[PDB]
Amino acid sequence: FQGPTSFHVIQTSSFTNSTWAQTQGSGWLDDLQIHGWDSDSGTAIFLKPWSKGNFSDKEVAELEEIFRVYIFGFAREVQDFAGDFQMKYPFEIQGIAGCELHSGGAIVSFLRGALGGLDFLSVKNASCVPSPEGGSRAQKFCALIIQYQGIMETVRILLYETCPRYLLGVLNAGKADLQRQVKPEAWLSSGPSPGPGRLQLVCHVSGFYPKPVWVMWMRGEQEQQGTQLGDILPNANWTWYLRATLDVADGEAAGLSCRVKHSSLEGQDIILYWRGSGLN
């Protein structure tokens, strides 16, 4: 099956000073957002009608309450211990947790945390593991967190028992959107000159879903190894944009074409031909 295969929640907690901190959160299928966190109300925002997966309203509310309590207590305790952990304000903590389905059907879970944009800890085998980037501070944190009653048991249940069944239920519930097929459009432009006597040709591919795609500059049937893929950029509304460029000598651009392959096209590739002398 195509489309996303993982679910995760993220946390960004921004500590301005000892008396002011704010947290942003959201839930994602790969990089498709399906949950927002509303700090006005302390509840989630469900971005798609199927965002609750197969969970009942009752369990969803219970999870929102877990997250609301966690968000408050996390800020409270970080501020209380900031002196003992020799924290200098402002600082920012990040977290990501969730699970993913692999070939063969196994679901693996993860939890990662960061301080200052650098890895700080992870959860392995339901254990807190300090990352070397986090130094003694992370060793201090892990030894402290596992003594707070119930935190580690809630994390283990959420990671290894709630997440896998949530993921399967929501992949199924959202399949009309998650496994839909959206055809790309493509066009050509003459991009930034690399240097003297040379040209950069640009093949743009925009509006495709799912994410995997194949774009190559061609001379007839020969794929130009010089093809350079840019990074996949998001559009609004769950499609992607991609540039493929080729740096060519002034008088060698004639004869080039761009070929696009995508799962939506049912085997009918897009082919654009570069024409010389400003004939587009």
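For clarity, a rigid core is taken as the largest C-alpha set superposing within 1.5 Å between two forms. Don't overthink the numbering: it's just position in the shown sequence, from 1.
Comparing 206 to 214 with 190 to 198 in 8 other deposited structures of this protein, after superposition on the rigid core, the stretch with the greater RMS C-alpha deviation is 190 to 198. Of the two stretches examined, 160 to 168 and 126 to 134, the record assigns the greater average C-alpha temperature factor to 126 to 134. The mean C-alpha temperature factor is higher for 183 to 191 when 98 to 106 and 183 to 191 are set side by side. Highest C-alpha temperature factor among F120, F74, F85, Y209, as the PDB entry reports it: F85.
As recorded in the entry, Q225 carries the highest CA temperature factor of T239, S26, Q225, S51.
In this PDB entry, the Cα temperature factor of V9 sits in the bottom third of its chain's modelled residues, the lowest group.
Residue-level temperature factors show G230 in the highest third of its chain, judged at the C-alpha atom. Sort the chain's modelled residues by C-alpha temperature factor and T43 lands in the middle third, per the entry. Among the modelled residues of its chain, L246 has a C-alpha B-factor that falls in the middle third, as given in the PDB entry. Ranked by Cα temperature factor within the chain, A173 sits in the middle third according to the deposited record.
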